[PDB]
Every structure is written in C-alpha cells, then in structure tokens.
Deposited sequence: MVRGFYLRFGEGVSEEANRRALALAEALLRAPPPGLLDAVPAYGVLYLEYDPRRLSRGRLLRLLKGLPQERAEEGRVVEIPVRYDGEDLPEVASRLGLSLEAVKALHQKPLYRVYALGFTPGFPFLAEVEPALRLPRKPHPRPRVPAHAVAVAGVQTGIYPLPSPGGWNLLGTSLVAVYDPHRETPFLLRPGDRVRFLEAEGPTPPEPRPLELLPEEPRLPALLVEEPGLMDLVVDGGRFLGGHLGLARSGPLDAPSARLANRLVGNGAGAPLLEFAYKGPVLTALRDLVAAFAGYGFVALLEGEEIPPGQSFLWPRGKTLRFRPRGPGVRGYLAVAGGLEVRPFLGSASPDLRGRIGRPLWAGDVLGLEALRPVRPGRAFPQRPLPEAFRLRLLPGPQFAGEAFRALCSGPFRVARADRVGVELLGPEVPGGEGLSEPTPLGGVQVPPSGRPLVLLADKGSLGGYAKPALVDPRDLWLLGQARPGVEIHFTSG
C-alpha cells in the first residue's frame, strides 16, 4: 500500500486549496476500487491506495480530467483580553473582526470534524502560543495567525481562545455527524446560549445480538473489536484504525474460515475472560499470550472447539503485547461510515465491558483444528525506512533506538538526536516517522490523526508496520534503508 501527495501551492492559498479540494471531491464522489483515502489540506492532496487493485498511473489520469454554515458563538474566550491588548484593539474590535469574513474550510480533521478555517482579517492575525494548553475544552473557537478553528472535542492546543461555539460541529449519534465538510464556507455570529454537550461514544456492537455467542465475564486492559478498517474517512479526520497487527488478525480469521475483514477481537497486555454462550469454533493468533480453555493450554495459530459454558482465558507469556481472537462467522456489528473498527479519538466504539454479550454474524459450519505456524516475533525489530514527504535518514539509521511509549496511535522512540521541523498541517502518511523540532521521534500507526504539522522525513515500510503493533516499552529498534 503506497501513498503520495499532490501539491498545488505553498501556504494558505485559496486557489491552490480549491484545486486540491476539487480533485478530492471528484474521487470521493466516485471512488475507484483501490482508493483508501483522498485527504485535502490547503494546497496539498494526499492519496492512499492499494497498487494491487489500483495503479498510480490510473489514479493520476483520472485526475487529469476530473455550502454556507452559520456558527453561533459566545465570545468569552480566556485569551480574548490578551489578544485585544496584544493587537492594540478593544474587545469589541476583535469580536467585529472575527465575525466579518465568510471563512472557508481549508482542512478538516486534526481531530474528527475539526475545521481549519481562513482567512482571518489582518488586524486580527496573531501568532500561536509558545506553550499549548494540554486540554482545550470542546467547542472552543480560537485563532492563530491567518487561521481560525473550532475544537469539536477536547484536545491540546496553543491557539488563542476567543469564544465558544453554541453548536457542536461533530456528533456521531446525529443524523448528519459532521456539521462542516472540506470546502464549506462558515460565518460566525455572536450569540447567547448554553455550551453544547460533548458527544459520548457511539457503540458499534448491538447490546442484544440476534445470535449470542459469548459473555464477557471480565474485561481485559483494552479489548477492541476491529475489522479491516475505515476507508475514505481521512478527509473528515477519521482514522484508518483496524488491527494494529494485521497479519495476526488475518490468520485468526483465516483459521476459522472467515473472510479478511471479519469482525474479530483485539486485546493487549491483559486479555478478557469470556464464556461461550453456545458451541463455537474460534481461533487465537498474535503474540504475548497463551490461551487457556478451562485449564488446557491452546497455543496461538490454531482453531479449536469452544463448548457452551466453558470459559476461555489469556495468560501473558511474552514478548509481544497484542493478541487476536476470531470466531467462526465473525462478530455481529453495527458499522459506522462503512466500518466496525473503532475511532476512540472520534468516540466511535469503545473497549469491551464486563457483562457485554457478543454475537455471531452467521452460522458458518467449520471443523476445528486448523493450524498454521505463525511467523515468530523477532527479538529486535529491524524496520525498513522509505523516503518521507520531507540528511534525516542518516540520523535514524545511525544507531539503536528504544521504545518509550507505544499504543495504537503511535510508537514513541528515544535515542540519537534526529533533525525535525514543522509547517502547515498536511495529511499524515502511512507509517510516517514524525520528527518534531524539539521532541522524541514518533512512528505513526493505525489510530494516528489525519493531519499533522511536524515534519515526516521517513516512512516505515508498510510490510514492517505489524512489528510496531507488538512494540513494548523497552524494545529496541534499528532502522535501515
């Protein structure tokens, strides 16, 4: 799975952005099979695709011949006085200036539904903060230089906070989840009223499934049901998601006769405790755990009969941190925008709870006892690097790094100093190695944010991204060309 950019003009340019947005819509309105994402942001359009199904030449030749929204706002931002005095204006002036232009969405989805709007009037243009707040509250309306934005949900931020949107831009429970879409025009107007609530997570599995399969006795650390992933959502800020270690997910399903993206269960560090509500055939793959069905150990990479009333358990036996459980027929799921995978940033899906009842989608007649020798998890990960959209290579390949933090969003590395940078947000590539100006390098994974400001000198080869799905704090990593 390759991915590439088409750039039409540097900086925040209306013409260049119209050009990028135009092509994005042309593809999204009629997506050729093989297109994974088309994400516009200012003068840049990012295209992610499968070369098996869709060639780059095909995709390029397609491109060769390829709404005003009111935002009511209470202007009581914590920075409003500061911004006024810093710019030599009154409160009234900043409020008038901010309401004047008909803005437009140059980029969308720093978090799901988060619009980057421009242009702010010259007199109101003011640089970002030196240090960002770790938590900017939901619905905050802030400005930074030529831009203005709306925080659909809580996140960190150093933009100058001017007020609060009296309408929630993002809400997945709503009939139309995203109030704003790329290219839309926005007018702000001063209003009075309550701050709207944050949406709470949208559940992707039915509470009472039609074919109860297993009861969650005890939950693991974070058990997430996942399918192939969510596609053609990056332009809204929706993550690809899916299994963090795809090869293992596939094996688990493959063994129980399921398709490629049959909803299965991913768990990390601590697995769940599950009791079959009926006779099942399931399979366990992944690393870090050993399965135990009523005492008897079940090694990973083989399917097995799971009788009614018996309890399955997972016991750590490392290294590796992430394991998958697949059941014959797949799990029943209510999909959101085409996928059962979660986006915990966008509050789509949730970790399994105690008392949850998962169900079969279909009654697939399969015989248990299929087995396949899983590729072993190597002691040290020798990850391959590809050229990123941004000298830097040498820094990464020079020596051994060590995994500090590591989750579904990305793997944080500490080791040799690597030169970074920052600019306008652009769509985050597949397996990109993100290097800030001053900060640890961060390899971005399935739950990464759609847009990113920090430089991406390299990409991890997509055939090596599974290793980072089994990354544990302390694991050593070596980069090579």
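- Stretches of the deposited sequence lacking C-alpha coordinates, numbered from 1: 1, 68 to 75, 400 to 402, 494.
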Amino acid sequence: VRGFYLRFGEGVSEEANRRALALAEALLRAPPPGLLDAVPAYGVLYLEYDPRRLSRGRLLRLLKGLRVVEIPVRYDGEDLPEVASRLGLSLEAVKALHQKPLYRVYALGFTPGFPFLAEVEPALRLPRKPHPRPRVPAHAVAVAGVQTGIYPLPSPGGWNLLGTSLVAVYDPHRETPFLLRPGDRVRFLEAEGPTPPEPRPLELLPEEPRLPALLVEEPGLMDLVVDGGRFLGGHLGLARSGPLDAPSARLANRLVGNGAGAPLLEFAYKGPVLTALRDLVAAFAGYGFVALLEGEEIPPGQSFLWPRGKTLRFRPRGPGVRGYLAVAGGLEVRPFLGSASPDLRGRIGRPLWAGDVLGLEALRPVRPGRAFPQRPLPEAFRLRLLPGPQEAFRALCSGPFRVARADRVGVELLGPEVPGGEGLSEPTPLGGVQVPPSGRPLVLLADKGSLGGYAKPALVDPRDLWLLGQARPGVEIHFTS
From here on, numbers count along this sequence of modelled residues.
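- The mean C-alpha temperature factor is higher for 402 to 410 when 402 to 410 and 111 to 119 are set side by side.
- Relative to its counterpart among 380 to 388 and 70 to 78, 380 to 388 has the higher mean temperature factor, C-alpha atoms as listed in the PDB entry.
- Residues shown: 445, 54, 39, 36. Highest C-alpha temperature factor in the entry: 54.
- Listed residues 347, 313, 100, 131 were ranked by CA B-factor as deposited; 131 comes out on top.
- Residue 92 sits in the middle third of its chain by CA B factor, as recorded in the PDB entry.
- Ranked by Cα temperature factor within the chain, residue 393 sits in the highest third according to the deposited record.
- Residue 334: CA B factor lies in the middle third for its chain, per the PDB record.
- In this PDB entry, the Cα temperature factor of residue 279 sits in the middle third of its chain's modelled residues.
- Placement of the Cα temperature factor of residue 366 within the chain: highest third of the modelled residues, per the deposited record.
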